[PDB]
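Starting off, we have a lone chain in the form deposited in one PDB entry, written out as structure tokens.
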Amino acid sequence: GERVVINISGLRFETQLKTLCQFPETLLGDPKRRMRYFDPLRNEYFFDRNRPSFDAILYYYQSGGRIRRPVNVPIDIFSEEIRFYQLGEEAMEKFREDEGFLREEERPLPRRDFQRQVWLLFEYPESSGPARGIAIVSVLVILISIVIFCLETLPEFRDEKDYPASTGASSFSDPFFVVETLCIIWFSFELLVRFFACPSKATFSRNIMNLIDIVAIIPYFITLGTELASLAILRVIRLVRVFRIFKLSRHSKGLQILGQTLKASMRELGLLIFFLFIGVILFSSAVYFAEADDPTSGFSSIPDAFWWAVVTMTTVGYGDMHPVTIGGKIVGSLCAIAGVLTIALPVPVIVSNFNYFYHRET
């Protein structure tokens, strides 16, 4: 096997001709390209380039594909070096893959002339002027919907309906109803246009923010339908109307990062709740059995010290009651300490995941 000597700035690197021909379309392998740098006087290919990098670009030839950056070569000087050597776009994506950088930007505009134009208007708000106008209008509509959900429960507004029941009306006299119907009109129109102008109708019931739009529309329609057509469903439907607060995540990049963080960390949250349940059983049992004898004590059950154990372990506050025996006080100081000890353990994993997803936007 004949040998080839390449001299990158005085540093002689040597290899067998077979190794650099494994990849033949590359700069060193291609006979013609490499011929330019060759110097016939000393039988060596002189190049003037970074010394620490050309070591990694000979490993790729001798290892059938692996591309790993030396830890003392900065990213920019390496990216340029794969380019001069002509290792190919497959190679540079693998280098990006080894530095683990997200590479997905797939935006298939339909390109049917009108479907594409209105999709550009309604999806990407930075594109135009009316796109930012539509973003501002949607955020203000969501905000007044939240304000109607909370101000409908205030006793001051309902002064004349505050009478015993034994004595959503379409009478259009209640102002909360007509402003609520205007909000649901806007949500329905916006969702139907985003359905009919999308470039992928099969994938539309896959994105989670679309399923947030649907479950925000639903309960007003089923209460209107059953009203102009139950008592178990009504208390559930009145609390599925709180999900319009999560429909404010299409316009925020902080709520979307908290959704990625809470998806990618479910094992840690399960460990958090499991450790809490263990500690609550243990400490509530010990305080019940160390304070039951005292005639002036208040713990009357083991499933009655649970709330005391929860608010003492999480350093919140009072509990239902407070220990009055010397023994209850020793099991209450151990409970206070063990609480922060057992809830601070899985939290650094969660904040590290957030910090990663928070800087990956950059």
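Just so we're on the same page, rigid core means the largest C-alpha set that superposes within 1.5 Å between forms. Numbering starts at 1 and runs along the sequence shown.
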Is residue 161 unresolved, in the sense of carrying no coordinates, in at least a third of the other compared entries? yes
Checking the other entries of this protein that model its neighbours, is residue 256 missing in at least a third? no
Quick check on the record: how many residues from the deposited sequence are absent from the model between residue 167 and residue 168 (none, 1 to 3, 4 to 9, 10 or more)? 10 or more
Between residue 202 and residue 203 - deposited residues without coordinates, as a size class: none
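Here the subject shifts to the form deposited in another entry, a form of this protein not shown in this document.
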Taking only shifts of 2 Å or more in Cα after a rigid core superposition between this form and the one not shown, tell me which of 70, 298, 303, 64 qualifies. 298
Rigid-core frame, C-alpha of residue 55, shift of 2 angstroms or more between this form and the one not shown: no
Core-superposed comparison between this form and the one not shown, residue 39 Cα displacement 2 Å or beyond: no
Comparing between this form and the one not shown on the rigid core: C-alpha of residue 327 shifted by 2 Å or more? no
Considering a change of 3 Å or more, are the Cα atoms of residue 288 and residue 296 closer or farther in that other deposited form than here? closer
Shift in CA distance, residue 334 and residue 296, in that other deposited form relative to the form shown here, given it is 3 Å or more: closer
